[PDB]
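This document opens with one chain alone, in structure tokens, the form deposited in one PDB entry.
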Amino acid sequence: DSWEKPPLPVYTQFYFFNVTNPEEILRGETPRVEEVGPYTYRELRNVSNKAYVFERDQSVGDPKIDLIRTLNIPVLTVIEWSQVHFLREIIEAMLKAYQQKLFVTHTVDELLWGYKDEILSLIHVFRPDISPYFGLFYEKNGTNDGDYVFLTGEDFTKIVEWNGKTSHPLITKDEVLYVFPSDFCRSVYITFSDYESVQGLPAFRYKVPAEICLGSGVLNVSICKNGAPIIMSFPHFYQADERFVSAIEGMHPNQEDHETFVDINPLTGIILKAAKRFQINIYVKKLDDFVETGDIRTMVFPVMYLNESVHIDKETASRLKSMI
């Protein structure tokens, strides 16, 4: 019966890359992908937990019907496990007993929130700690998720958002912002881009700088993701080596749609407007046994990208300025 509406409306939109030529990929050709999206989810805040409410009117189609053909992330994870000698004996045996495919078709809702994987369910009979369920956002609905932004510079360390924060120092263009995810695995630092105004209020625009085998502009986030072969990128390999783009037909990056930014009011430390824009990729290579990978090229294969956005409205901006 709980879950309230946040002070500023936050929305996460998912965009999936549908694999149009799977048999052609296995025979060594360049992948051809087709971007399907958005699948708009409105955030809700009740500690502080968030819930995702689907908005069909603001989405491309129904995620409970719409199918996406992409890579089988569970088998590549359990293969990676096999290699580092974690459950090799079992994993090998069931991958031999139950032939799995590299390319798999599922509903958007199945990829996003969860599906029961054949091989994982088998592993679970032995290891009850290993979930049979897989999803890019599995069990993330209703949990105390939320990034952490910190201020730096010289000595100065101001916290702007600890899971979530709204309504002192001289914040300057010289200060850097350190951002951690819910899980604190790795950090990303965003530096001052320029001075902006947001619904009249002054703001400093922060952007991920150019300063951040394999190739530039991608982040191997494998340790944070239970050994799953996951690479991080900006949507469409924006700000990443040209090689990454040319590798996958369907990628067309541009700054206006694929950049990450966050406009913060200095005085208050309030985020007035922002866009969390990142892409999940899978590092795919040709492999000796179990799959069925064929003569696949070694590449950073895109699965899906998202946009987590917020924008202060005309009213709440003039109500915030009224509280001064």
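Rigid core here is just the name for the largest C-alpha set that superposes within 1.5 Å across the two forms. Sequential numbering from 1, following the sequence displayed.
From this point on, the text means the form deposited in another entry, which you will not see here.
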property: Sole residue of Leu219, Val104, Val198, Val245 shifting 2 angstroms or more in CA between the shown form and the other one, core aligned; result: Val198
property: C-alpha of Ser182 off by 2 Å or more between the shown form and the other one on rigid core; result: yes
property: Rigid core fit then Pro38 CA moved by 2 Å or more between the shown form and the other one; result: no
property: Cα displacement of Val291 between the shown form and the other one reaching 2 Å, rigid core superposed; result: yes
property: Pair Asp183/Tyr11, Cα separation in the other entry versus the displayed form, closer or farther by 3 angstroms or more; result: closer
property: Closer or farther in the other entry, the Cα atoms of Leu219 and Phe184, when the shift from this form is 3 Å or more; result: closer
